[PDB]
């Protein structure tokens, strides 16, 4: 498409995985590597997505996705995933998550850093970084059609004033896109 954000999708490294319920597992924990997790939370029927990135290789080791999970279950699953990957630190989009989730991240002792996606400017920095890394052949994700489709359908639009917006085509989702961008915000 003319308005595609990820014009370098052809450079994406596609990784086999095992589907273990809500997790797509590419690689189990490598203790000699350091990891982080990009985390998008779901309000109401929206998807939550947690993307585990190996910072030593630049590859997604695990991606967990679900909808309809309770707020506490979203935090608990994130905790488990962090623990599974050596207390991997979480890059959490805390914007619009609400008091309960913010309090629970602290109360549960989660290793996390807030990165609130609170404006088009922030979103554009995150996405541009992902897109730049992707075109350089540095992004490697589970070879899953749902993931690739969401990237494929992430597009450019304009606001009434002529400002750039990035969003899903049609009435689609971008929780996977955003989780990935949050993770890759940490990758050098």
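Residue numbers count along the first chain shown, from 1.
**Student:** Per the PDB record, is the mean Cα temperature factor higher over 87-95 or over 100-108?
**Tutor:** Comparing 100-108 with 87-95, the higher average CA B-factor belongs to 100-108.
**Student:** Decide which of the stretches 9-17 and 171-179 has the higher mean C-alpha B-factor, going by the entry.
**Tutor:** Comparing 171-179 with 9-17, the higher average CA B-factor belongs to 9-17.
**Student:** Among 145, 65, 158, 152, where is the Cα B factor highest in this entry?
**Tutor:** Highest C-alpha B-factor among the listed residues goes to 158.
**Student:** For residue 129, does the deposited CA B-factor place it in the lowest, middle or highest third of the chain?
**Tutor:** Within its chain, residue 129 is a middle-third residue by C-alpha B-factor, going by the deposited values.
**Student:** Using the B-factor values recorded in the entry, state whether the Cα atom of residue 186 falls in the lowest, middle or highest third among the modelled residues of its chain.
**Tutor:** According to the entry, residue 186 has a C-alpha B-factor in the chain's middle third.
**Student:** Can you tell me which third, lowest, middle or highest, the CA B-factor of residue 24 falls into for its chain?
**Tutor:** Residue 24: CA B-factor falls in the lowest third of its chain.
**Student:** Is the Cα B-factor recorded for residue 59 in the lowest, middle or highest third of its chain?
**Tutor:** It belongs to the middle third of the chain when residues are ordered by C-alpha B-factor.
**Student:** Would you please rank residue 139 by its C-alpha temperature factor against the other modelled residues of its chain and give the third it falls in: lowest, middle or highest?
**Tutor:** Tercile = middle for this residue's CA B-factor.
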